[PDB]
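Let's start with one chain on its own, the form deposited in one PDB entry, as structure tokens.
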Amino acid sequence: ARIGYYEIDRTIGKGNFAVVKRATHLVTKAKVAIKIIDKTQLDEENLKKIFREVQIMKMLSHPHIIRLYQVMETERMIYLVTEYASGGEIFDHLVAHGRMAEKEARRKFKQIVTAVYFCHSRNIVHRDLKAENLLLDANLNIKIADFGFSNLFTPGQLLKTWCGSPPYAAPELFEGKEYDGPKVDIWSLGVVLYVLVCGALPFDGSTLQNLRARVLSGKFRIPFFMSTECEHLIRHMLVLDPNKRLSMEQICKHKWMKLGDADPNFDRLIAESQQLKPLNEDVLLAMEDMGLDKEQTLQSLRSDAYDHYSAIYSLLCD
């Protein structure tokens, strides 16, 4: 009913060896998602992959990525408090409203590439870019979730962990080849872009084997409602030879990307990922009004503690 300073409400998912429950912070009144995991039911490999996901989450703080707030660990349990996405998955949006206009699709795609480019700047590949992993906030703003298959990478070297959902997997992962990290995400962005503008998969079938033959063929239909600039973009990301796919920077400079009205917010956000490198006094005053010491709020913020002090500040800021 109440885990720490959070009051448990509806269950937003029950999967693998964990249960994600939507809960409210008792003091800040913020809407959060607490992934509850029993460390006494997981095999050693799965527990360590969960600990590695938390570290990767602590590195990825972006407006279009689900923000980790608090990590509460006991001797047998682990609770993972993260930002709650009100608008649900982008998959459930496409099922309910169909394909988006290239104006809506372009706006949401820019937010996805903004987070993917930021991942690859810190040398982190998501490796599971699905439309079910693209969550939406109250105003339908993209929020990349599920850094489950994500891992570090060295630019120029090849990865070998064959993971990723089949309808979005690149043909290298189907064949079981040592692939390049970012090109495997660029193929996933090719599938995601097509799903946003058509409301259907580029590659589909009755079974996984039918779908597998489809992805390996590289042939997909370009519809009448799809513009020439959009067709060129998708076609140059869904390429069988990875060495012939557009880079994350080429995707940003694509003619389709500059087709809307001038977007200075997008250019500023991708410029902050090539540069990488402010305490809200109104929040610190409210925390001191309650009783949360300023010295412990600052210590927990700089040491990446993700504790009661660190979480109350961040939740109060957002």
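One rule holds for the numbers: they count along the sequence shown, beginning at 1. Rigid core (definition): largest C-alpha set, two forms, superposition within 1.5 Å.
- Across the other PDB entries of this protein whose models span the neighbouring residues, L276 goes unmodelled in a third or more.
- The question of which stretch, 17-25 or 295-303, has the higher mean Cα B factor is settled in favour of 295-303.
- Legend: mean Cα B-factor per stretch from the PDB entry, 160-168 versus 138-146; the higher mean is in 160-168.
- Out of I50, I66, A30, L259, it is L259 whose C-alpha atom has the highest B-factor in the PDB entry.
- Note on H62, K58, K35, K277: the highest value goes to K277, judged by CA B factor as recorded.
- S188: CA B factor in the lowest third of modelled residues in this chain (values from the PDB entry).
- The entry lists a Cα temperature factor for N265 that places it in the highest third of the chain's modelled residues.
- The deposited CA B-factor of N243 belongs to the middle third of values across its chain.
- Per-chain ranking of the deposited C-alpha B factor places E89 in the middle third.
- Among the modelled residues of its chain, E178 has a C-alpha B-factor that falls in the middle third according to the deposited record.
Another form, the form deposited in another entry, is not on view; read the next lines as being about it.
- Aligning the rigid core between this form and the one not shown and inspecting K39, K31, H254, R67, the C-alpha positions shift by 2 Å or more at one residue, which is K39.
- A200 is not among the residues whose C-alpha shifts by 2 Å or more between this form and the one not shown once the rigid core is aligned; its shift stays under 2 Å.
- With the core superposed, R122 shows a C-alpha displacement below 2 Å between this form and the one not shown.
- Core-superposed comparison between this form and the one not shown: the CA of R76 exceeds or equals a 2 Å shift.
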